[PDB]
Amino acid sequence: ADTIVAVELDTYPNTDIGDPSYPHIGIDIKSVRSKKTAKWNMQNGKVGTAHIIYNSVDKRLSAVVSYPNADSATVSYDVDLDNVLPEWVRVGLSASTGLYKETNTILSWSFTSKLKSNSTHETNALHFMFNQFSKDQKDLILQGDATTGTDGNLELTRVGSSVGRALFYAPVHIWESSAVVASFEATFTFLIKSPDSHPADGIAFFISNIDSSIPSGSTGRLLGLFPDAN
Amino acid sequence: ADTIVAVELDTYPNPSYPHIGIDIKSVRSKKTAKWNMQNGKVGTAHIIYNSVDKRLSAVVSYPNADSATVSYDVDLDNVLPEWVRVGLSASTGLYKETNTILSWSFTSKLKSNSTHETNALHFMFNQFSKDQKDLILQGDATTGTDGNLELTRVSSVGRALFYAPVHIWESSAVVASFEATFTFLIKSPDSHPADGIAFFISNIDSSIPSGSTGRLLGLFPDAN
Amino acid sequence: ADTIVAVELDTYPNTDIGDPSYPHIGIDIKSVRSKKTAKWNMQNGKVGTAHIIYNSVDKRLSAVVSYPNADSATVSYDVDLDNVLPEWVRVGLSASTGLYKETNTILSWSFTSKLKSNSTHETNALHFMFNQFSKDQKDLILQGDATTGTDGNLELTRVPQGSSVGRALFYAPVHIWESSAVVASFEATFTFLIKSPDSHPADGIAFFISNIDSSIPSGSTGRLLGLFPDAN
Amino acid sequence: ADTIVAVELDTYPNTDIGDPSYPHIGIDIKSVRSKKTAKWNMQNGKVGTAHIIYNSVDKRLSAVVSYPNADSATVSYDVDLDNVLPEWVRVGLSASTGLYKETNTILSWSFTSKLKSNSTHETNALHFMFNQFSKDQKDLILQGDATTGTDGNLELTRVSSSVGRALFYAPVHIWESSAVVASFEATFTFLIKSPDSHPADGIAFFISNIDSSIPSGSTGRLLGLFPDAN
Ligand SMILES: [Zn+2]
Ligand SMILES: [Zn+2]
Ligand SMILES: [Zn+2]
Ligand SMILES: [Zn+2]
């Protein structure tokens, strides 16, 4: 299967296994059973922002989700991604809807990754920023029900029970054995919108092997990321 | 064929001198300037363009020397497709010379007019690795030797294109602009090598055209 | 006096001598008499964006002003700033109101300046970005009626009657050019909201570059945009 | 006195008070008695690089110092800078020499600080980079023996017991009560050079109140930062 490191915004009622019986943000390392979680107060129809950061000096992957005029939920996890991920990966977003009609709208998305080498300054860097998606977004690989262009946004899920992913087209070198400091950072703004006020829903920024594709039956609480709940 | 906009560093013996030129769809530069190639020195090339001026400019300098600069008014929206790929290219004549790229960086932005809808792509390589998956190598081009990109084989032709398509312009941007810098080392035992390097912008599926050797820099099929 | 290079958004009625009789954006080099202009359709109460760019390879100073869902006014001028400006300067914004009540609100402001040297990559760079100003904005030098913090914005002009003049300059001197750079360039963007009850306000806003000790010149009210001491 | 948060490269034999008995890199919070240290192998005459990073999601201040073709000494410390530093500060470099002649040369210096607010994208940012200092470097406030321009470098200490500091001119807003994530990052390359092979010496990146100045008698081991060894 795909190796997948992800930061999920999960509102699924999956009081299923290690799953919080409440909406939470969690860090997932190769499994849908989050290695760490924190309670998140989803706000239906509000635009929230997620910031994920990681650097190899700390080896700590962190994420903060906030909504204007509210609190932020933050979650961290010590992990050395060099041991988990392959050197070259693809980064993307993903979402899955439950039995409900709700939309998983991405208003903006940016990412930056850098590899500073120890030989005085050999910095390599990749940075992309989308503040407006277009109908024919060729630097994105869309998977599932995901589409771009409607109002200049990226609709991950079809516009229930939908799954869609968007991955940036160029492979990203997230680490190399020679960097003295490798680090990345991503930010995206999203709008979860549902008529039922308790929608079971999921969005996640993720990092996977470059050929990753939606695994069979990874619907609902598996966020289009995992093939099973193991 | 491919649509190609390029900035060439041409020492091939036709102007009748080494020059840097701006090429729009043809190997016959729309504008040129004399360039003093320095065999074995590391030079830097900066290419910039913005849609407010519609001027594509380039400066090539060597440490402790002069710079050759060249500009050309052109509105790229009329020439290039909206989505392109950017890359470097080089071709050697009958000589053994190397076309070494030590570093390469690029930035492209599309500011929209709806208060700040800026889209951006930026990549920078100060060190290439043996398995450089974000580059598409063509011809004799190879990466990794000493952490460099060897465009030509050590009569060679090689090109390196960044993997992700780039959106160079969109009808709705109030200002679209890009900028590229790359450092290169042209080294040859004969002190007057016929040689060529070029940063270029082409259709995404561009490939080295048949017989685009020597002076056609791996870019053009004929001298038209 | 101060050396001033500015890009003005001028709706003042100086139908005085060669002066455009319409709202224009213009490039001013040391004088309120624009070296070049273009017509601009001010939109009262809308938020507009201005981008100013210059590089030493082209030696062309350009500006575009746009409002969402409209057209843009753009203006350029060939000039080598090395010949006009001192090597170290301060950059800032300025505005002046006429007899009208109107506000000159700056919603955001960013700047970037770089000096690439020719010695393989000796790039120096300064970049600042404000998307929210605060009540005590210490990195800004405020002059005149200008104030920060109301709703996280910069009010250039003051919000009995009469005119107003205010300027905000970034605190750190900026090195705009140095004899050794193979390419020097800067870029600024700011969003503004000009709002007035009269639908034809006489008003003026400008991004400008001056000597580090520049200060509002005496009597530089109204059409002189807080920048110039006289209409010469 | 000044509020000072600093990252030191200390080779002083100051087996003086809590002071390690070996060359170390340490994180100092208001006192010359490092809140945390790590052993550093100083290389006389080589060019080293120092990367300092901090973010308010982890609240961890970290530093790595490496020499080309060598190892790195890294050091971290959990601290929420909001509780220590004032909202507005100035950042700078500092060095002091012992009874020895040695030079503390800074070849390059870059800094970035950001305050992302929570109201969708209200990011404020300050970034400066020096790869070449000039004789009349007006955006720097030079203190003590520090001087710029010799070969395009910054000589913190007097090149002929020396103390010199260089601070960037503009105050920096390091934190504000409303940012969801505040973070900074600094990198600087230095060259310590001495004829004695065990020079007692000290360099430090630091953050202080905007009006900070070299405190009286802060020579030698007090790195031009502290008034006493408390
Ligand atoms: Zn979960
Ligand atoms: Zn030619
Ligand atoms: Zn005017
Ligand atoms: Zn110590």
# chains A, B, ... in the order shown; residues from 1 in each chain; ligands from 1
>>> residues_around(residues="residue 195 in chain C", least_positions_apart="4", cutoff="7 Å", atoms="only C-alpha atoms", output="PyMOL selection string")
chain C and resi 44-45+102-103
>>> residues_near_ligand(ligand="ligand 3", cutoff="8 Å", atoms="only C-alpha atoms and all ligand atoms", output="PDB file with N, CA and C atoms, in the first residue's frame")
ATOM      1  N   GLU C   8       1.604  58.479  -7.832  1.00  0.00           N
ATOM      2  CA  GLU C   8       0.434  59.123  -7.278  1.00  0.00           C
ATOM      3  C   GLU C   8      -0.860  58.632  -7.855  1.00  0.00           C
ATOM      4  N   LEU C   9      -1.924  58.620  -7.043  1.00  0.00           N
ATOM      5  CA  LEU C   9      -3.323  58.298  -7.457  1.00  0.00           C
ATOM      6  C   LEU C   9      -3.925  59.660  -7.085  1.00  0.00           C
ATOM      7  N   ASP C  10      -4.187  60.471  -8.098  1.00  0.00           N
ATOM      8  CA  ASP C  10      -4.558  61.873  -7.943  1.00  0.00           C
ATOM      9  C   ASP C  10      -5.901  62.171  -8.512  1.00  0.00           C
ATOM     10  N   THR C  11      -6.841  62.616  -7.716  1.00  0.00           N
ATOM     11  CA  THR C  11      -8.121  62.959  -8.301  1.00  0.00           C
ATOM     12  C   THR C  11      -8.313  64.466  -8.181  1.00  0.00           C
ATOM     13  N   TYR C  12      -7.316  65.197  -7.684  1.00  0.00           N
ATOM     14  CA  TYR C  12      -7.392  66.651  -7.577  1.00  0.00           C
ATOM     15  C   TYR C  12      -7.592  67.295  -8.941  1.00  0.00           C
ATOM     16  N   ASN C  14      -6.280  69.901 -10.694  1.00  0.00           N
ATOM     17  CA  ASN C  14      -5.225  70.920 -11.166  1.00  0.00           C
ATOM     18  C   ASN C  14      -5.280  70.819 -12.658  1.00  0.00           C
ATOM     19  N   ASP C  19      -1.464  69.678 -17.324  1.00  0.00           N
ATOM     20  CA  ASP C  19      -2.012  68.824 -16.291  1.00  0.00           C
ATOM     21  C   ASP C  19      -3.298  68.211 -16.816  1.00  0.00           C
ATOM     22  N   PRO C  20      -3.434  66.900 -16.663  1.00  0.00           N
ATOM     23  CA  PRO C  20      -4.604  66.151 -17.083  1.00  0.00           C
ATOM     24  C   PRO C  20      -5.764  66.652 -16.246  1.00  0.00           C
ATOM     25  N   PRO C  23      -9.038  62.172 -13.348  1.00  0.00           N
ATOM     26  CA  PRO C  23      -8.355  61.390 -12.328  1.00  0.00           C
ATOM     27  C   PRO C  23      -7.310  60.564 -13.079  1.00  0.00           C
ATOM     28  N   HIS C  24      -6.102  60.584 -12.550  1.00  0.00           N
ATOM     29  CA  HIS C  24      -5.018  59.911 -13.192  1.00  0.00           C
ATOM     30  C   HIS C  24      -4.115  59.269 -12.147  1.00  0.00           C
ATOM     31  N   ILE C  25      -3.257  58.370 -12.627  1.00  0.00           N
ATOM     32  CA  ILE C  25      -2.171  57.764 -11.814  1.00  0.00           C
ATOM     33  C   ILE C  25      -0.918  58.367 -12.567  1.00  0.00           C
ATOM     34  N   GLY C  26       0.117  58.810 -11.872  1.00  0.00           N
ATOM     35  CA  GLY C  26       1.180  59.410 -12.599  1.00  0.00           C
ATOM     36  C   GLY C  26       2.432  59.073 -11.882  1.00  0.00           C
ATOM     37  N   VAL C  32       5.764  67.719  -8.455  1.00  0.00           N
ATOM     38  CA  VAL C  32       4.393  67.340  -8.501  1.00  0.00           C
ATOM     39  C   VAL C  32       3.885  67.263  -9.925  1.00  0.00           C
ATOM     40  N   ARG C  33       4.683  67.706 -10.891  1.00  0.00           N
ATOM     41  CA  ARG C  33       4.288  67.668 -12.313  1.00  0.00           C
ATOM     42  C   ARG C  33       4.715  66.363 -12.930  1.00  0.00           C
ATOM     43  N   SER C  34       3.806  65.397 -12.908  1.00  0.00           N
ATOM     44  CA  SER C  34       4.079  64.029 -13.356  1.00  0.00           C
ATOM     45  C   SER C  34       4.806  63.886 -14.642  1.00  0.00           C
ATOM     46  N   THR C  37       1.586  60.115 -17.103  1.00  0.00           N
ATOM     47  CA  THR C  37       0.298  59.849 -16.463  1.00  0.00           C
ATOM     48  C   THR C  37      -0.569  58.979 -17.334  1.00  0.00           C
ATOM     49  N   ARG C 223      -3.329  69.166  -3.221  1.00  0.00           N
ATOM     50  CA  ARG C 223      -2.707  68.532  -4.381  1.00  0.00           C
ATOM     51  C   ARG C 223      -1.245  68.273  -4.337  1.00  0.00           C
TER      52      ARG C 223
END
>>> residues_near_ligand(ligand="ligand 1", cutoff="12 Å", atoms="only C-alpha atoms and all ligand atoms", output="VMD selection string")
chain A and resid 6 to 29 31 to 40 200 to 204 220 to 223 225 to 226 229
>>> residues_near_ligand(ligand="ligand 2", cutoff="12 Å", atoms="only C-alpha atoms and all ligand atoms", output="MDAnalysis selection string")
chainID B and resid 6:24 26:35 194:198 214:217 219:220 223
>>> residues_around(residues="residue 120 in chain D", least_positions_apart="6", cutoff="8 Å", atoms="only C-alpha atoms", output="PyMOL selection string")
chain A and resi 47-49+67-68+189
>>> write_last_selection(atoms="C-alpha atoms", output="compact mmCIF listing (two decimals), in the first residue's frame")
# COMPACT_ATOMS: atom_id res chain seq x y z
CA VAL A 47 -13.89 29.28 6.84
CA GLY A 48 -11.15 27.73 8.88
CA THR A 49 -7.44 27.65 8.40
CA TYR A 67 -11.51 29.69 12.79
CA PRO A 68 -11.74 33.42 12.83
CA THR A 189 -8.33 27.30 4.21
>>> closest_residue(among="A:44, A:194, A:124, A:178", to="chain B", atoms="only C-alpha atoms")
A:124
>>> residues_near_ligand(ligand="ligand 4", cutoff="9 Å", atoms="only C-alpha atoms and all ligand atoms", output="count of residues only")
23
>>> interface_residues(of="chain D", to="chain A", cutoff="6 Å", atoms="only C-alpha atoms", output="number ranges by chain")
D: 68, 118-119
>>> select_by_dssp(residues="range 71-145 of chain C", states="strand (DSSP E or B)", output="NGL selection string")
:C and (72-78 or 88-97 or 103-117 or 124-130 or 140-144)
>>> interface_residues(of="chain D", to="chain C", cutoff="12 Å", atoms="only C-alpha atoms", output="ChimeraX atom specification")
/D:87-90,107-141,152-153,167-174,176-179,210
>>> residues_around(residues="residue 84 in chain C", least_positions_apart="4", cutoff="9 Å", atoms="only C-alpha atoms", output="PDB file with C-alpha atoms, in the first residue's frame")
ATOM      1  CA  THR C   3      14.472  63.930  -3.194  1.00  0.00           C
ATOM      2  CA  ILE C   4      11.130  62.259  -3.937  1.00  0.00           C
ATOM      3  CA  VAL C   5      10.199  59.694  -6.554  1.00  0.00           C
ATOM      4  CA  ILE C  29      10.261  62.501 -10.290  1.00  0.00           C
ATOM      5  CA  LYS C  30      11.139  65.281  -7.896  1.00  0.00           C
ATOM      6  CA  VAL C  79      14.342  56.298 -15.626  1.00  0.00           C
ATOM      7  CA  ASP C  80      17.512  55.107 -13.971  1.00  0.00           C
TER       8      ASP C  80
END
>>> interface_residues(of="chain C", to="chain B", cutoff="10 Å", atoms="only C-alpha atoms", output="PDB file with N, CA, C and O atoms, in the first residue's frame")
ATOM      1  N   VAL C  47     -12.409  48.809  -2.844  1.00  0.00           N
ATOM      2  CA  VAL C  47     -11.040  48.506  -2.493  1.00  0.00           C
ATOM      3  C   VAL C  47     -10.224  48.234  -3.771  1.00  0.00           C
ATOM      4  O   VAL C  47     -10.557  47.357  -4.596  1.00  0.00           O
ATOM      5  N   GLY C  48      -9.182  49.046  -3.937  1.00  0.00           N
ATOM      6  CA  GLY C  48      -8.330  48.908  -5.096  1.00  0.00           C
ATOM      7  C   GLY C  48      -6.951  48.457  -4.661  1.00  0.00           C
ATOM      8  O   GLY C  48      -6.547  48.551  -3.478  1.00  0.00           O
ATOM      9  N   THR C  49      -6.185  47.997  -5.639  1.00  0.00           N
ATOM     10  CA  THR C  49      -4.850  47.475  -5.357  1.00  0.00           C
ATOM     11  C   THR C  49      -3.900  48.140  -6.275  1.00  0.00           C
ATOM     12  O   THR C  49      -4.244  48.281  -7.436  1.00  0.00           O
ATOM     13  N   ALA C  50      -2.707  48.503  -5.785  1.00  0.00           N
ATOM     14  CA  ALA C  50      -1.668  49.145  -6.596  1.00  0.00           C
ATOM     15  C   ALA C  50      -0.375  48.295  -6.491  1.00  0.00           C
ATOM     16  O   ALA C  50       0.006  47.824  -5.400  1.00  0.00           O
ATOM     17  N   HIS C  51       0.237  48.036  -7.639  1.00  0.00           N
ATOM     18  CA  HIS C  51       1.483  47.303  -7.715  1.00  0.00           C
ATOM     19  C   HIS C  51       2.442  48.257  -8.416  1.00  0.00           C
ATOM     20  O   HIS C  51       2.113  48.802  -9.494  1.00  0.00           O
ATOM     21  N   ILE C  52       3.627  48.433  -7.854  1.00  0.00           N
ATOM     22  CA  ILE C  52       4.664  49.334  -8.398  1.00  0.00           C
ATOM     23  C   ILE C  52       5.841  48.412  -8.517  1.00  0.00           C
ATOM     24  O   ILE C  52       6.072  47.637  -7.582  1.00  0.00           O
ATOM     25  N   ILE C  53       6.493  48.392  -9.680  1.00  0.00           N
ATOM     26  CA  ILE C  53       7.671  47.568  -9.897  1.00  0.00           C
ATOM     27  C   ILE C  53       8.766  48.329 -10.661  1.00  0.00           C
ATOM     28  O   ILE C  53       8.458  49.192 -11.427  1.00  0.00           O
ATOM     29  N   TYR C  54      10.028  48.003 -10.445  1.00  0.00           N
ATOM     30  CA  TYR C  54      11.142  48.634 -11.103  1.00  0.00           C
ATOM     31  C   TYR C  54      12.290  47.666 -11.037  1.00  0.00           C
ATOM     32  O   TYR C  54      12.394  46.877 -10.061  1.00  0.00           O
ATOM     33  N   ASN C  55      13.123  47.636 -12.064  1.00  0.00           N
ATOM     34  CA  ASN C  55      14.337  46.819 -11.969  1.00  0.00           C
ATOM     35  C   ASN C  55      15.343  47.573 -12.741  1.00  0.00           C
ATOM     36  O   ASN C  55      14.990  48.338 -13.617  1.00  0.00           O
ATOM     37  N   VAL C  57      17.572  46.401 -14.811  1.00  0.00           N
ATOM     38  CA  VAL C  57      17.950  45.918 -16.106  1.00  0.00           C
ATOM     39  C   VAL C  57      17.170  46.752 -17.087  1.00  0.00           C
ATOM     40  O   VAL C  57      17.776  47.316 -17.954  1.00  0.00           O
ATOM     41  N   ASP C  58      15.843  46.820 -16.981  1.00  0.00           N
ATOM     42  CA  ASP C  58      15.016  47.707 -17.848  1.00  0.00           C
ATOM     43  C   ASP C  58      15.046  49.218 -17.541  1.00  0.00           C
ATOM     44  O   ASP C  58      14.597  49.996 -18.370  1.00  0.00           O
ATOM     45  N   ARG C  60      12.868  50.825 -15.906  1.00  0.00           N
ATOM     46  CA  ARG C  60      11.554  51.287 -16.164  1.00  0.00           C
ATOM     47  C   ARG C  60      10.796  51.114 -14.906  1.00  0.00           C
ATOM     48  O   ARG C  60      10.768  50.013 -14.374  1.00  0.00           O
ATOM     49  N   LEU C  61      10.199  52.200 -14.431  1.00  0.00           N
ATOM     50  CA  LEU C  61       9.418  52.232 -13.221  1.00  0.00           C
ATOM     51  C   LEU C  61       7.993  52.074 -13.659  1.00  0.00           C
ATOM     52  O   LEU C  61       7.562  52.939 -14.377  1.00  0.00           O
ATOM     53  N   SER C  62       7.251  51.011 -13.250  1.00  0.00           N
ATOM     54  CA  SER C  62       5.814  50.843 -13.649  1.00  0.00           C
ATOM     55  C   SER C  62       4.845  50.709 -12.546  1.00  0.00           C
ATOM     56  O   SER C  62       5.204  50.253 -11.481  1.00  0.00           O
ATOM     57  N   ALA C  63       3.593  51.008 -12.829  1.00  0.00           N
ATOM     58  CA  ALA C  63       2.558  50.905 -11.811  1.00  0.00           C
ATOM     59  C   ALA C  63       1.246  50.503 -12.460  1.00  0.00           C
ATOM     60  O   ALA C  63       0.965  50.905 -13.558  1.00  0.00           O
ATOM     61  N   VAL C  64       0.459  49.695 -11.786  1.00  0.00           N
ATOM     62  CA  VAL C  64      -0.821  49.301 -12.295  1.00  0.00           C
ATOM     63  C   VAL C  64      -1.759  49.539 -11.147  1.00  0.00           C
ATOM     64  O   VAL C  64      -1.405  49.207 -10.009  1.00  0.00           O
ATOM     65  N   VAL C  65      -2.953  50.047 -11.402  1.00  0.00           N
ATOM     66  CA  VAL C  65      -3.897  50.211 -10.314  1.00  0.00           C
ATOM     67  C   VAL C  65      -5.122  49.535 -10.830  1.00  0.00           C
ATOM     68  O   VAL C  65      -5.511  49.852 -11.955  1.00  0.00           O
ATOM     69  N   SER C  66      -5.742  48.645 -10.032  1.00  0.00           N
ATOM     70  CA  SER C  66      -6.936  47.919 -10.450  1.00  0.00           C
ATOM     71  C   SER C  66      -7.971  47.854  -9.330  1.00  0.00           C
ATOM     72  O   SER C  66      -7.644  48.073  -8.163  1.00  0.00           O
ATOM     73  N   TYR C  67      -9.223  47.614  -9.677  1.00  0.00           N
ATOM     74  CA  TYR C  67     -10.260  47.478  -8.679  1.00  0.00           C
ATOM     75  C   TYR C  67     -10.804  46.174  -9.080  1.00  0.00           C
ATOM     76  O   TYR C  67     -10.736  45.804 -10.240  1.00  0.00           O
ATOM     77  N   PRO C  68     -11.417  45.469  -8.158  1.00  0.00           N
ATOM     78  CA  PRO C  68     -11.947  44.167  -8.565  1.00  0.00           C
ATOM     79  C   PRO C  68     -13.068  44.366  -9.570  1.00  0.00           C
ATOM     80  O   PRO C  68     -13.886  45.291  -9.369  1.00  0.00           O
ATOM     81  N   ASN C  69     -13.049  43.563 -10.662  1.00  0.00           N
ATOM     82  CA  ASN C  69     -14.059  43.558 -11.751  1.00  0.00           C
ATOM     83  C   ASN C  69     -14.104  44.869 -12.474  1.00  0.00           C
ATOM     84  O   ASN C  69     -15.171  45.495 -12.600  1.00  0.00           O
ATOM     85  N   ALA C  70     -12.950  45.300 -12.934  1.00  0.00           N
ATOM     86  CA  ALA C  70     -12.897  46.551 -13.617  1.00  0.00           C
ATOM     87  C   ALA C  70     -11.646  46.480 -14.368  1.00  0.00           C
ATOM     88  O   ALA C  70     -11.060  45.404 -14.530  1.00  0.00           O
ATOM     89  N   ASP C  71     -11.246  47.650 -14.817  1.00  0.00           N
ATOM     90  CA  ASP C  71     -10.045  47.766 -15.575  1.00  0.00           C
ATOM     91  C   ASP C  71      -9.014  48.370 -14.718  1.00  0.00           C
ATOM     92  O   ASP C  71      -9.321  49.049 -13.745  1.00  0.00           O
ATOM     93  N   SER C  72      -7.804  48.271 -15.229  1.00  0.00           N
ATOM     94  CA  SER C  72      -6.626  48.727 -14.580  1.00  0.00           C
ATOM     95  C   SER C  72      -6.061  49.854 -15.343  1.00  0.00           C
ATOM     96  O   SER C  72      -6.230  49.910 -16.526  1.00  0.00           O
ATOM     97  N   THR C  74      -2.524  51.619 -16.077  1.00  0.00           N
ATOM     98  CA  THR C  74      -1.148  51.312 -15.856  1.00  0.00           C
ATOM     99  C   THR C  74      -0.317  52.487 -16.386  1.00  0.00           C
ATOM    100  O   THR C  74      -0.786  53.221 -17.203  1.00  0.00           O
ATOM    101  N   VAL C  75       0.885  52.713 -15.873  1.00  0.00           N
ATOM    102  CA  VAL C  75       1.731  53.824 -16.316  1.00  0.00           C
ATOM    103  C   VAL C  75       3.217  53.412 -16.131  1.00  0.00           C
ATOM    104  O   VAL C  75       3.512  52.675 -15.203  1.00  0.00           O
ATOM    105  N   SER C  76       4.091  53.728 -17.093  1.00  0.00           N
ATOM    106  CA  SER C  76       5.520  53.392 -17.032  1.00  0.00           C
ATOM    107  C   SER C  76       6.360  54.591 -17.338  1.00  0.00           C
ATOM    108  O   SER C  76       5.865  55.536 -17.911  1.00  0.00           O
ATOM    109  N   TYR C  77       7.640  54.559 -17.018  1.00  0.00           N
ATOM    110  CA  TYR C  77       8.500  55.669 -17.289  1.00  0.00           C
ATOM    111  C   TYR C  77       9.959  55.196 -17.228  1.00  0.00           C
ATOM    112  O   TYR C  77      10.370  54.613 -16.235  1.00  0.00           O
ATOM    113  N   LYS C 116      21.228  42.121  -6.242  1.00  0.00           N
ATOM    114  CA  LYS C 116      21.980  40.917  -6.565  1.00  0.00           C
ATOM    115  C   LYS C 116      23.330  41.395  -6.957  1.00  0.00           C
ATOM    116  O   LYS C 116      23.416  42.276  -7.749  1.00  0.00           O
ATOM    117  N   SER C 117      24.401  40.864  -6.380  1.00  0.00           N
ATOM    118  CA  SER C 117      25.728  41.300  -6.784  1.00  0.00           C
ATOM    119  C   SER C 117      26.203  40.328  -7.785  1.00  0.00           C
ATOM    120  O   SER C 117      25.639  39.235  -7.963  1.00  0.00           O
ATOM    121  N   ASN C 118      27.267  40.689  -8.433  1.00  0.00           N
ATOM    122  CA  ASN C 118      27.644  39.839  -9.525  1.00  0.00           C
ATOM    123  C   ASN C 118      28.545  38.689  -9.189  1.00  0.00           C
ATOM    124  O   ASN C 118      28.612  37.665  -9.940  1.00  0.00           O
ATOM    125  N   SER C 119      29.074  38.817  -7.965  1.00  0.00           N
ATOM    126  CA  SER C 119      29.960  37.848  -7.346  1.00  0.00           C
ATOM    127  C   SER C 119      28.951  36.807  -6.975  1.00  0.00           C
ATOM    128  O   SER C 119      28.135  37.014  -6.080  1.00  0.00           O
ATOM    129  N   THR C 120      28.861  35.839  -7.874  1.00  0.00           N
ATOM    130  CA  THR C 120      27.978  34.696  -7.749  1.00  0.00           C
ATOM    131  C   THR C 120      27.031  34.675  -6.528  1.00  0.00           C
ATOM    132  O   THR C 120      27.383  34.138  -5.465  1.00  0.00           O
ATOM    133  N   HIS C 121      25.872  35.319  -6.665  1.00  0.00           N
ATOM    134  CA  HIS C 121      24.825  35.301  -5.629  1.00  0.00           C
ATOM    135  C   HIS C 121      24.914  36.196  -4.433  1.00  0.00           C
ATOM    136  O   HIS C 121      24.341  35.829  -3.400  1.00  0.00           O
ATOM    137  N   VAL C 182      24.413  43.945 -10.073  1.00  0.00           N
ATOM    138  CA  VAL C 182      24.194  43.696 -11.466  1.00  0.00           C
ATOM    139  C   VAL C 182      22.682  43.841 -11.684  1.00  0.00           C
ATOM    140  O   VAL C 182      22.208  44.044 -12.802  1.00  0.00           O
ATOM    141  N   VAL C 183      21.902  43.650 -10.643  1.00  0.00           N
ATOM    142  CA  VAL C 183      20.457  43.887 -10.745  1.00  0.00           C
ATOM    143  C   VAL C 183      19.903  44.263  -9.405  1.00  0.00           C
ATOM    144  O   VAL C 183      20.287  43.687  -8.412  1.00  0.00           O
ATOM    145  N   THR C 189       3.154  46.786  -3.136  1.00  0.00           N
ATOM    146  CA  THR C 189       1.758  46.556  -3.436  1.00  0.00           C
ATOM    147  C   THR C 189       1.038  47.079  -2.250  1.00  0.00           C
ATOM    148  O   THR C 189       1.567  47.039  -1.157  1.00  0.00           O
ATOM    149  N   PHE C 190      -0.110  47.681  -2.439  1.00  0.00           N
ATOM    150  CA  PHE C 190      -0.866  48.127  -1.286  1.00  0.00           C
ATOM    151  C   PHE C 190      -2.340  48.143  -1.698  1.00  0.00           C
ATOM    152  O   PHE C 190      -2.660  48.162  -2.886  1.00  0.00           O
ATOM    153  N   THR C 191      -3.248  47.977  -0.762  1.00  0.00           N
ATOM    154  CA  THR C 191      -4.628  48.022  -1.141  1.00  0.00           C
ATOM    155  C   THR C 191      -5.165  49.188  -0.365  1.00  0.00           C
ATOM    156  O   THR C 191      -4.740  49.459   0.790  1.00  0.00           O
TER     157      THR C 191
END
>>> interface_residues(of="chain B", to="chain A", cutoff="12 Å", atoms="only C-alpha atoms", output="PyMOL selection string")
chain B and resi 82-85+102-136+147-148+161-168+170-173+204
>>> atom_distance(atom1="CA of residue 92 in chain B", atom2="CA of residue 25 in chain B")
20.9 Å
>>> atom_distance(atom1="CA of residue 97 in chain A", atom2="CA of residue 199 in chain A")
8.3 Å
>>> closest_residue(among="D:93, D:17, D:29, D:63", to="residue 203 in chain D", atoms="only C-alpha atoms")
D:93
